[PDB]
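Enquirer: Protein chains in written order, with the deposited numbering: chain H, 11 to 167, 195 to 209; chain E, 9 to 197, 205 to 282, 295 to 333; chain G, 10 to 222. Quick one: structure below, then a few questions.
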Amino acid sequence: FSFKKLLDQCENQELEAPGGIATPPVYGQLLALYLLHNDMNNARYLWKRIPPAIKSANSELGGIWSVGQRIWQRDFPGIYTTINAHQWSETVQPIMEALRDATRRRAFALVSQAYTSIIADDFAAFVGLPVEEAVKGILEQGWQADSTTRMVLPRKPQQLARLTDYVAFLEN
Amino acid sequence: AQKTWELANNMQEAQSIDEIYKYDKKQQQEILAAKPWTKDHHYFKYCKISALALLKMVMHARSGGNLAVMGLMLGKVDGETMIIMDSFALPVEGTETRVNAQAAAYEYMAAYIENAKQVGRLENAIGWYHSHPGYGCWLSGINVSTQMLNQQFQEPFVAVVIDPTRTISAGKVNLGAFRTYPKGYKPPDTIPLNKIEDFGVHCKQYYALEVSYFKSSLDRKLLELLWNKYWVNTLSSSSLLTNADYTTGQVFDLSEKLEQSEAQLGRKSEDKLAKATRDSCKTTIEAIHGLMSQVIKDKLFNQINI
Amino acid sequence: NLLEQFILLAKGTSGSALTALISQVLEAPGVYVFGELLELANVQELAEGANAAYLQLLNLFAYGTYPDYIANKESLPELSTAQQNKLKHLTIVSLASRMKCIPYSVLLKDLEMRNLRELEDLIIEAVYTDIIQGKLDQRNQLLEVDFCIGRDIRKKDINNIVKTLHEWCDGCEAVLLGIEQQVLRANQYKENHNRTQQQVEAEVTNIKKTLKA
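Set out below in structure tokens:
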């Protein structure tokens with residue numbers, strides 16, 4: 011609820027502009043927020059909306075688009091590298107800190123649903139952390155893991198008023 | 009309940025359930041003067057039998073045992089409906105397959121009607137009924153002949169046939185209301208075989224009305240307050256399962272009627300789509316009523332004590 | 010009615026003779042609720058002396074269960090085979106009141122059974138005495154209870170009886186109020202549709218009559 015209150019605040023600022031062009035940081039926030047909501051079509055159209063002159067002026071905008079290109083191809087092992095290729099200032103940094111978590115949870119849901127057996131090499135590149143999940147996942151979440159072959163096995167875990202509305206409509 | 013249910017019952021004034029019990033003399037005179045049943049022939053399609061009349065007819069039919077019994081039924085008409093408000097027995101003697109009403113019934117009819125007019129019975133004779141002890145509810149040849157004779161001169165008249173043996177052996181009343189066609193008039197055009212099997216040879220000579228029953232508010236209250244097995248059977252009636260097959264049959268002939276309406280509307296003058304829509308609304312309303320009963324039972328019993 | 014026989018023979022006896030009658034009560038088949046027997050000179054003075062052990066046993070048979078007997082086995086006296094069967098039967102009754110689908114795991118742990126077959130023999134025998142009714146289910150390992158007797162009551166559950174019944178009365182009142190409101194709303198919709206239908210018919214006839222000479 012609190013997050014939604016900030017979402018609609020940035021929406022209208024771009025529409026009203028003294029000359030049809032808003033300040034650079036407003037443009038960057040909308041593009042990054044589109045990535046967080048997985049709305050890829052509007053994110054692509056926003057990039058096409060920015061004039062070329064301002065686009066080349068600020069390379070910070072280009073850093074958002076390079077990450078957006080990877081997530082547009084659903085390249086899970088590649089988005090984690092582009093999100094760290096550039097350095098984002100603290101004004102836009104917290105938004106990226108939430109997009110990374112959203113991508114991380116998205117891979118977890120996709121693997122558990124679309125895969126019955128997945129190589130540990132490929133699964134680590136999906137979830138994003140090939141650091142400490144190798145040993146922690148065996149005993150905590152209960153997923154049986156087999157070494158050498160490296161196969162992971164995901165496992166699955195008031196009306197009365199409505200009715201009288203129907204009759205009052207049908208009989209009349 | 010206050011204002012909500014104060015005027016919702018209003019025992020001082022007759023409810024909408026007791027409306028049918030009021031006799032309008034002027035309306036009766038107007039409808040009998042107009043004679044709307046002379047132009048058409050499938051005019052009357054519904055027969056509304058009161059609770060007391062049905063009970064008296066059933067008890068009379070069973071009292072004869074294996075011998076036929078007969079009597080008259082008072083009532084009126086309203087639109088396409090024949091309403092039977094009462095019934096009264098005749099002092100006849102008959103055998104297992106023949107009842108004649110020779111000479112004591114004809115005096116009893118007039119004398120009983122005269123006596124009933126004295127104590128405020130404004131209805132006139134509307135039909136005659138007889139029992140078929142053990143061979144279904146149908147009109148025999150002589151039954152069809154006497155029905156024609158009654159209908160040709162006393163124009164409003166419906167023949168009711170009861171079956172005490174099947175009523176007792178099945179647990180539900182076996183009754184049928186019928187009307188007949190004029191002499192040598194209207195020969196309209205797996206069905207014929209079963210039709211002659213369960214009806215008589217004169218299947219096309221008469222048609223069967225749709226029989227429904229009604230009751231007043233005082234009758235309803237007295238019946239539901241008679242035994243404890245009537246509100247227990249309401250809180251556990253379990254509709255949508257007692258009569259699911261009837262619902263499927265209604266959906267089937269609804270589909271047939273919809274096909275006929277689609278055929279008609281693409282190009295006698297009856298507007299079949301309206302009747303199909305009315306039938307669909309009716310059956311959907313029974314289905315939703317059953318679901319409402321189930322929801323009320325679930326909220327009353329299941330949602331108590333965690 | 011069987012308990013009434015032992016009650017009258019226990020109206021005056023006291024001491025060792027009275028305590029012997031208590032053991033016979035727990036051994037007589039068909040005596041499963043010891044309600045009237047527990048409101049006699051027993052509770053008045055039996056908490057002192059060597060006979061207080063039997064008083065605790067009678068309280069266990071009326072309100073307690075089999076697990077409540079293992080915990081205080083040292084204090085309570087020994088029980089014959091006939092008495093133990095009655096105690097195990099009442100344990101099934103207590104579980105049936107709480108839940109109407111008793112798993113086999115609960116019954117095995119509470120009754121200290123080890124073989125599934127001998128547990129089912131005990132359950133079937135309990136059905137024969139008609140304290141409980143139901144049907145066993147081997148595939149799901151459940152006992153589906155359809156009806157069970159009401160065990161003994163004390164003056165600390167009557168408030169719970171009032172609470173459950175009062176909640177049911179408020180449940181009926183809520184349903185009744187809902188039915189009235191829906192009836193009124195449906196009738197208002199019928200009147201609104203009828204009024205609009207007659208309003209259009211009234212307007213069309215007015216313009217028709219005007220030009221008819």
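We put the beta carbon where it would ideally sit given N, CA and C, even for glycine.
Would a check of beta-carbon distances place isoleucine 323 of chain E closer than 9 Å to chain H?
Expert: The sequence position of residue 323 of chain E within the second sequence is 296, counting from 1. Closer than 9 Å: yes.
Enquirer: My assumption, with CB atoms under 8 Å, is that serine 89 of chain G sits in contact with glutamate 36 of chain G. Please give the rounded CB distance.
Expert: Start at 1 with the first residue of the third sequence, and residue 89 of chain G comes out as number 80. Start at 1 with the first residue of the third sequence, and residue 36 of chain G comes out as number 27. About 7 Å separates the two Cβ atoms, so the contact holds.
Enquirer: Determine the chain H residues that contact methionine 117 of chain E at a beta-carbon separation under 7 Å, and present them in chain order.
Expert: As a first step, residue 117 of chain E is located in the second sequence; it is residue number 109 there, counting from the start. Result: empty, since nearest Cβ-Cβ is about 43 Å, beyond 7 Å.
Enquirer: Just curious, the beta strand (DSSP E) that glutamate 225 of chain E is in, first and last residue?
Expert: Translated into positions along the second sequence, residue 225 of chain E becomes position 210. Looking at the DSSP string, the run of the beta strand (DSSP E) that includes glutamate 225 of chain E is 225-229.
Enquirer: Tell me the rounded alpha-carbon separation between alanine 198 of chain H and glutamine 191 of chain G.
Expert: Stepping through the first sequence from its first residue, residue 198 of chain H is reached at position 161. Stepping through the third sequence from its first residue, residue 191 of chain G is reached at position 182. Answer to the nearest angstrom: the Cα atoms are 6 Å apart.
Enquirer: In whole angstroms, what separates the C-alpha of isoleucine 79 of chain G from that of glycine 152 of chain H?
Expert: Start at 1 with the first residue of the third sequence, and residue 79 of chain G comes out as number 70. Start at 1 with the first residue of the first sequence, and residue 152 of chain H comes out as number 142. Distance between the alpha carbons of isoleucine 79 of chain G and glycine 152 of chain H: 37 Å.
Enquirer: Confirm, please, whether the CB-CB distance from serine 139 of chain E to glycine 72 of chain E is below 9 Å.
Expert: Counting from 1 along the second sequence, the entry for residue 72 of chain E is found at position 64. Counting from 1 along the second sequence, the entry for residue 139 of chain E is found at position 131. Yes, the Cβ-Cβ distance between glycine 72 of chain E and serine 139 of chain E is below 9 Å.
Enquirer: Could you work out which residues of chain G lie near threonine 12 of chain E, taking near to mean beta carbons separated by less than 7 Å?
Expert: Start at 1 with the first residue of the second sequence, and residue 12 of chain E comes out as number 4. Ordered by position in chain G, the residues that pass the 7 Å Cβ test against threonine 12 of chain E are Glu189, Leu193.
Enquirer: Taking the beta strand (DSSP E) that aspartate 146 of chain G belongs to, which residues open and close that run?
Expert: Residue numbering aside, residue 146 of chain G sits at position 137 when the third sequence is read from its first letter. It spans 141-146 - the beta strand (DSSP E) in which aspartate 146 of chain G sits, taken as one unbroken run.
Enquirer: Which value, in whole angstroms, describes the spacing of the CA atoms of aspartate 179 of chain G and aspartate 325 of chain E?
Expert: As a working mapping, residue 179 of chain G is identified with position 170 in the third sequence. As a working mapping, residue 325 of chain E is identified with position 298 in the second sequence. Taking the straight line from one Cα to the other gives about 15 Å.
Enquirer: Just to confirm before moving on: does the CB-CB distance between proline 35 of chain H and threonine 101 of chain H stay below 9 Å?
Expert: Here residue 35 of chain H refers to the residue found at position 25 of the first sequence. Here residue 101 of chain H refers to the residue found at position 91 of the first sequence. Contact: yes.
Enquirer: Identify which residue in G/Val154, G/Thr205, G/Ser25, G/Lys172 has its Cα closest to the Cα of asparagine 332 of chain E.
Expert: Here residue 332 of chain E refers to the residue found at position 305 of the second sequence. Out of G/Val154, G/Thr205, G/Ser25, G/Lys172, the CA that lies nearest to the CA of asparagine 332 of chain E is found in G/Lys172.
Enquirer: Going by alpha carbons, who is nearest to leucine 250 of chain E out of G/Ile216, G/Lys217, G/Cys181, G/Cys157?
Expert: The residue given as residue 250 of chain E occupies position 235 in the second sequence. The residue with the shortest Cα to Cα distance from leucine 250 of chain E is G/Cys181.
Enquirer: Contact defined as beta carbons within less than 8 Å: I believe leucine 69 of chain G pairs with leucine 85 of chain G. What is the distance between those atoms, to the nearest angstrom?
Expert: Taking the third sequence and counting its residues from 1, one reaches residue 69 of chain G at position 60. Taking the third sequence and counting its residues from 1, one reaches residue 85 of chain G at position 76. Their Cβ separation, rounded to whole angstroms, is 7 Å, which keeps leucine 69 of chain G and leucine 85 of chain G in contact under 8 Å.
Enquirer: Mapping the DSSP letters down to three states, classify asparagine 132 of chain E as helix, strand or coil.
Expert: Translated into positions along the second sequence, residue 132 of chain E becomes position 124. Note: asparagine 132 of chain E maps to strand in three-state DSSP.
Enquirer: Under the rule that 16 or more other beta-carbon atoms within 10 Å means buried, what is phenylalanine 156 of chain G, buried or exposed?
Expert: As a working note, residue 156 of chain G is residue 147 in the third sequence. Exposed: under 16 other Cβ atoms inside 10 Å.
Enquirer: Can you find a C-beta in chain E that's less than 9 Å from the C-beta of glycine 180 of chain G?
Expert: As a working note, residue 180 of chain G is residue 171 in the third sequence. Yes, contact with chain E.
Enquirer: Measuring only the C-alpha atoms, how far is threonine 311 of chain E from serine 253 of chain E?
Expert: For the purposes of this step, residue 311 of chain E is identified with residue 284 of the second sequence, where counting begins at 1. For the purposes of this step, residue 253 of chain E is identified with residue 238 of the second sequence, where counting begins at 1. Each residue's Cα considered, the two are about 17 Å apart.
Enquirer: Taking 9 Å as the CB-CB limit, is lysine 218 of chain G close to chain H?
Expert: What you label residue 218 of chain G is simply residue 209 of the third sequence in a count that begins at 1. No, no contact with chain H.
Enquirer: Between the stretch 304-321 of chain E and chain H, which residues of the former have CB atoms less than 8 Å from a CB of the latter, in chain order?
Expert: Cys308, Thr311, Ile312, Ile315, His316, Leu318, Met319
Enquirer: Bridge partners of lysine 56 of chain E, per DSSP?
Expert: Locating residue 56 of chain E in the second sequence gives position 48, counting from the first residue. Looking at the DSSP assignment, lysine 56 of chain E forms a beta bridge with E/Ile91, E/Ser227.
Enquirer: Which word fits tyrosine 221 of chain E, buried or exposed, when buried means at least 16 other C-beta atoms lie within 10 angstroms of its C-beta?
Expert: Translated into the one-based positions of the second sequence, residue 221 of chain E becomes position 206. Counting C-beta atoms within 10 angstroms of its own C-beta, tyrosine 221 of chain E has 16 or more neighbours from the protein chains shown and is therefore classed as buried.
Enquirer: Hey, how far is the Cα of residue 4 of chain G from the Cα of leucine 11 of chain G?
Expert: Chain G is shown only over 10 to 222; residue 4 of chain G falls outside these bounds and no answer can be derived.
Enquirer: Which chain G residues sit within Cβ distance under 7 Å of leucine 197 of chain H?
Expert: Here residue 197 of chain H corresponds to residue number 160 of the first sequence, with the count starting at 1. What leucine 197 of chain H touches in chain G: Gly187, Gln191.
Enquirer: Taking 9 Å as the CB-CB limit, is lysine 326 of chain E close to chain G?
Expert: Here residue 326 of chain E refers to the residue found at position 299 when the second sequence is read from its first residue. True, the Cβ-Cβ gap to chain G drops below 9 Å.
Enquirer: Classify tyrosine 29 of chain E: buried if its beta carbon has 16 or more other beta carbons within 10 angstroms, exposed otherwise.
Expert: Stepping through the second sequence from its first residue, residue 29 of chain E is reached at position 21. Only exposed fits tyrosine 29 of chain E, as fewer than 16 other CB atoms lie within 10 angstroms of its CB.
Enquirer: If you draw a straight line from the alpha carbon of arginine 123 of chain G to that of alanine 91 of chain G, how long is it in whole angstroms?
Expert: Sequence index remark: in the third sequence, residue 123 of chain G carries index 114 (1-based). Sequence index remark: in the third sequence, residue 91 of chain G carries index 82 (1-based). So the two alpha carbons sit approximately 19 Å from each other.
Enquirer: Please list the segments of the beta strand (DSSP E) lying wholly inside the stretch 106-161 of chain E, counting only runs of 3 or more residues, in order along the chain.
Expert: 132-139
Enquirer: I want to see whether chain E comes within less than 9 Å of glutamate 176 of chain G, judged by CB atoms only; does it?
Expert: The residue given as residue 176 of chain G occupies position 167 in the third sequence. Taking 9 Å as the threshold, the shortest C-beta distance from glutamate 176 of chain G to chain E falls below it.
Enquirer: Quick one: any contact between the stretch 206-215 of chain E and the stretch 128-148 of chain E, if contact means 3 or more CB pairs under 8 Å?
Expert: Yes: the two stretches touch, three or more of their Cβ pairs being nearer than 8 Å.
Enquirer: Apart from the five residues on each side of it in sequence, which residues of its chain come closer than 7 Å, Cβ to Cβ, to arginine 114 of chain H?
Expert: Locating residue 114 of chain H in the first sequence gives position 104, where the first residue counts as 1. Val137, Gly138, listed in sequence order.
Enquirer: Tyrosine 203 of chain H and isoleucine 315 of chain E look like a contact to me (Cβ under 8 Å); what is the Cβ gap, rounded to whole Å?
Expert: Locating residue 203 of chain H in the first sequence gives position 166, counting from the first residue. Locating residue 315 of chain E in the second sequence gives position 288, counting from the first residue. The Cβ separation is near 6 Å, so the contact holds.
Enquirer: Could you name the residues of chain G that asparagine 209 of chain H contacts, counting a contact when the two beta carbons are closer than 7 Å?
Expert: Residue mapping note: residue 209 of chain H aligns to position 172 of the first sequence, counting from 1. Within 7 Å Cβ-Cβ: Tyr198, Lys199, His202.
Enquirer: Measure the C-alpha to C-alpha separation of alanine 19 of chain G and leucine 30 of chain G and round it to an integer number of angstroms.
Expert: Taking the third sequence and counting its residues from 1, the one referred to as residue 19 of chain G is at position 10. Taking the third sequence and counting its residues from 1, the one referred to as residue 30 of chain G is at position 21. Answer to the nearest angstrom: the Cα atoms are 7 Å apart.
Enquirer: Helix or strand or just coil, what does DSSP make of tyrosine 44 of chain H?
Expert: Locating residue 44 of chain H in the first sequence gives position 34, where the first residue counts as 1. If DSSP states are grouped into helix, strand and coil, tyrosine 44 of chain H belongs with the helices.
Enquirer: For the stretch 129-136 of chain E and the stretch 86-96 of chain E, state whether three or more C-beta atom pairs, one from each stretch, are separated by less than 8 Å.
Expert: yes
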